[PDB]
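**Student:** Before we start, here is the structure in question, set down as structure tokens.
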Amino acid sequence: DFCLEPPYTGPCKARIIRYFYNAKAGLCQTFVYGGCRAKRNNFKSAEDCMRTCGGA
């Protein structure tokens, strides 16, 4: 799953911030994206982030 899982920023993440849903916070917080790591749990828009991960 890619809704309640934490970001995989690791030791690689340039100057391109994105969004991820923090199941403990209640919304999709802004975090950067990397070209060296890059995984599935990553959303560019908060709308598609909460809609694809959550829904309500």
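Residues are referred to by chain and number: the chain letter is A, B, ... according to the order shown in the structure tokens, the number counts from 1 in that chain, and ligands are numbered separately from 1 in the order shown.
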Give me the residues near residue 16 of chain A as a PyMOL selection string, where near means some atom within 8 Å (using only C-alpha atoms) and where sequence neighbours in that chain fewer than 5 positions away do not count.
**Tutor:** chain A and resi 32-34
**Student:** Based on the selection just made, write C-alpha atoms of those residues as a compact mmCIF listing (two decimals), in the first residue's frame.
**Tutor:**
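Dumped to again_38.txt:
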# COMPACT_ATOMS: atom_id res chain seq x y z
CA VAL A 32 10.74 16.19 -2.24
CA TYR A 33 11.14 13.52 -4.96
CA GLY A 34 14.38 11.84 -6.06
**Student:** Considering only C-alpha atoms, return as a PyMOL selection string whatever protein or nucleic-acid residues lie within 10 Å of residue 38 of chain A, sequence-local ones (same chain, fewer than 2 positions apart) excluded.
**Tutor:** chain A and resi 7-10+12-13+33-36+40-42
**Student:** Excluding same-chain residues fewer than 6 positions from residue 18 of chain A, what lies within 6 Å of it counting only C-alpha atoms, as a ChimeraX atom specification?
**Tutor:** /A:30-32,44
**Student:** Which residues in chain A does DSSP call helix (DSSP H, G or I)? List them as a list in words.
**Tutor:**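 Written out, the helix (DSSP H, G or I) residues of chain A are residues 46, 47, 48, 49, 50, 51, 52 and 53 of chain A.
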**Student:** Residues near residue 45 of chain A, anyone? I mean within 9 Å using only C-alpha atoms, not counting same-chain ones fewer than 4 positions away, as an MDAnalysis selection string.
**Tutor:** chainID A and resid 18:20 28 49:50
**Student:** Enumerate as a count of residues only all residues of chain A assigned to strand (DSSP E) by DSSP on the backbone, naming them with the chain letters and numbers the document uses.
**Tutor:** 10
**Student:** Quick one: residues within 7 Å of residue 4 of chain A, only C-alpha atoms, excluding same-chain residues fewer than 4 positions away - as a compact mmCIF listing (two decimals) with N, CA and C atoms, in the first residue's frame?
**Tutor:**
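Contents of around16.txt, as written:
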# COMPACT_ATOMS: atom_id res chain seq x y z
N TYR A 21 0.73 11.13 1.73
CA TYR A 21 -0.31 11.08 2.77
C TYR A 21 0.22 10.48 4.08
N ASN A 22 0.15 11.27 5.16
CA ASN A 22 0.57 10.85 6.48
C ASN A 22 -0.65 10.37 7.26
N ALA A 23 -0.90 9.06 7.25
CA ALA A 23 -2.07 8.46 7.92
C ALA A 23 -2.24 8.89 9.39
